[PDB]
Amino acid sequence: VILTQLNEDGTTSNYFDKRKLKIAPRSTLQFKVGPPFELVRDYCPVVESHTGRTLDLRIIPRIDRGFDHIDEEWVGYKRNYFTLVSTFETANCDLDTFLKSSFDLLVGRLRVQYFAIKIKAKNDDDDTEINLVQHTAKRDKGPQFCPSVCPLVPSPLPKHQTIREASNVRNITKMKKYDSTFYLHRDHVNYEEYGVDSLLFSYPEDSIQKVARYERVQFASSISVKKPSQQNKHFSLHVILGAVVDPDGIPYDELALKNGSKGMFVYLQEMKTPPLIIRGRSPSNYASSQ
DNA sequence: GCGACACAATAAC
DNA sequence: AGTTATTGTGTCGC
């Protein structure tokens with residue numbers, strides 16, 4: 001009924017089929033590590049301004065809620081939240097040096113303003129994009145939005161337990177204790193240590209995330225989860241690391257920039273999950289039906 | 001099959 | 001040692 005796997009940090013992931021077993025909404029059993037991600041490809045090279053050294057980049061993503069491993073499939077529920085977190089790392093550059101440096105795209109050099117992550121959902125069989133929606137904790141009593149592009153600086157990915165612990169914090173004292181895990185406050189650095197051209201100072205806002213945390217995410221309510229044959233559709237979640245540049249023939253999305261003008265999110269690397277099954281609202285997907 | 005509202009279990013405090 | 005928050009899901013009604 002419950003299959004248990006040990007996570008990297010010693011917590012457990014407890015996989016169960018909601019067709020057979022109903023567990024409380026806030027049970028720790030709802031938190032579990034989802035499918036592993038795989039490299040799709042690398043795109044535009046990034047080099048340091050003077051040294052010319054190529055920046056080695058790696059997305060570090062994890063799903064922490066919403067997916068179960070059931071008979072060799074990864075299964076989510078349309079009605080329910082998932083959590084997808086990601087950082088990135090730069091194997092050949094420590095953070096403190098990285099923030100003081102400047103970087104160009106090798107396309108022919110475009111200056112990188114900042115690094116960012118976005119997520120997408122796709123039909124894994126035909127590459128069609130599928131809309132994602134997010135809620136606040138207030139859900140229907142608050143706004144709905146689509147996942148946004150998240151400026152980030154490189155950081156290790158927090159342990160599964162840390163994401164759990166930080167999922168619904170309001171208390172100021174606890175917020176302070178997790179602050180350094182999730183944010184860099186540029187307004188707190190010594191500005192005298194940085195050149196005008198430094199990467200840190202081309203980030204759009206003073207509060208800079210170290211971790212992209214997409215919580216309370218769902219596939220759009222209008223998604224069809226079955227093919228016409230009644231076979232399950234296969235979906236995939238994608239994480240894309242990009243460099244944002246000033247647009248003043250390679251893969252990129254347009255981006256509503258800080259100063260209002262046109263911006264360019266130039267793809268650097270992309271990872272995705274293996275195929276995912278999503279169970280719809282049908283009564284037969286729930287243990288209540290039995 | 002979807003938007004909306006309802007209920008209720010365990011976290012958060 | 002209480003109250004309020006969050007979220008899986010039951011149900012309504014079109």
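Side-chain atoms are counted along with the backbone in the values below, which use heavy atoms only and exclude waters and symmetry mates. Per chain, numbering begins at 1; letters A, B, ... match sequence-line order.
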Rounded interatomic separation in angstrom, taking CD from A:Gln218 and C1' from B:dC2: 13 Å

Electrostatic pair A:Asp64:A:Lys32 at N-O distance under 4.0 angstrom: no

Sugar-phosphate only, base, or nothing, as touched by A:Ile223 at under 4.0 Å among non-hydrogen atoms: sugar-phosphate

Within the 6.0 Å centroid threshold, strictly below: A:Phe235 and A:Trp74: no

Nearest to side-chain heavy atoms of A:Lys174, which nucleotide of B:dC13, C:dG10, C:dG8: B:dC13

Interatomic distance where NZ belongs to A:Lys177 and P belongs to B:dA12 [whole Å]: 12 Å

Short side-chain N/O contact to B:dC2 OP1/OP2 from A:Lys78, under 4.0 Å: yes

Pairs under 3.5 Å (N/O, protein and nucleotides 5-11 of chain B):
unit_1, atom_1, unit_2, atom_2, d
B:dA6, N6, A:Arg139, NH2, 3.4

Aromatic centroids of A:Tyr114 and A:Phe265 separated by under 6.0 Å: no

Distance below 4.0 Å between A:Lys22 side-chain N/O and C:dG8 OP1 or OP2: no

Earlier contact from the 5' end, DNA chain C, for A:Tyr286 and A:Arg216: A:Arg216

Interatomic distance, A:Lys32 NZ vs C:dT7 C1' [rounded to whole Å]: 14 Å

Check ion pair A:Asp124-A:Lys233 (N to O, under 4.0 angstrom): no

Salt-bridge criterion met for A:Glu89 and A:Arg58 (N-O under 4.0 Å): yes

Nucleotide B:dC2, atom P - distance to CD1 of A:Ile278 in whole Å: 13 Å

Distance test, side-chain N/O of A:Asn80 to OP1/OP2 of C:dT9, below 4.0 Å: yes

Pair A:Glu8 + A:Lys159: basic N to acidic O under 4.0 Å: no

Phosphate-side-chain proximity, A:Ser221 and B:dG3, N/O vs OP1/OP2 below 4.0 Å: yes

Check ion pair A:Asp253-A:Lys118 (N to O, under 4.0 angstrom): yes

Pi-cation contact, A:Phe201 with A:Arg186 (under 6.0 Å, within 45°): yes

Axial cation check for A:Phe103 ring with A:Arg111, 6.0 Å and 45° limits: no

Distance-only donor-acceptor test, A:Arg281 side-chain atoms vs C:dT11 base atoms, 3.5 Å: yes

Positions of residues 7-20 of chain A (non-hydrogen atom under 4.0 Å from DNA chain C), listed by number: A:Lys18

